[PDB]
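One chain follows as C-alpha cells, the form deposited in one PDB entry.
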C-alpha cells in the first residue's frame, strides 16, 4: 500500500547508511565493524541513495565520458526515463 522507501528500512540500516554517507566511513570498514558482508552494506547504501533521488531501486548509476552528440542524448535519456517513472506512479494505480 505504497510505503515510502526510507520508512520501510530498519533503524539499523539507516545507521549504517549514515556512517557511510554522513560520516564518510568506508563501507567495508562498516561491514567488518558490524559483522556483515560488504555486499549488504553496498545494498544498504544503494537503498538510501536511490530513494533520496526518487529513483527506482533497480536503477544503476553510470559515469561515462561521451562525445557531446552522444552525451546530450543520454542526458535526455535520463529525463525521459525519469519523466516516465513519475507518470507511471501517477496513473498506473488509476489506469486499473
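We call the rigid core whatever largest set of C-alpha positions still superposes within 1.5 Å between the two forms. Residue numbers count along the first chain shown, from 1.
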| query | finding |
| --- | --- |
| Stretch with the greater mean C-alpha B-factor as recorded in the entry, comparing 51-59 against 38-46 | 51-59 |
| Relative C-alpha B-factor of residue 30, binned into the chain's lowest, middle or highest third | lowest |
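One more form of this protein exists, namely the form deposited in another entry; it is left out here, but the text below deals with it.
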query: Core-superposed comparison between this form and the one not shown, residue 73 Cα displacement 2 Å or beyond; finding: yes
query: Residue 82 C-alpha shift between this form and the one not shown of 2 Å or more, rigid core reference; finding: yes
query: After fitting the core, residue 60 CA displacement of 2 Å or more between this form and the one not shown; finding: yes
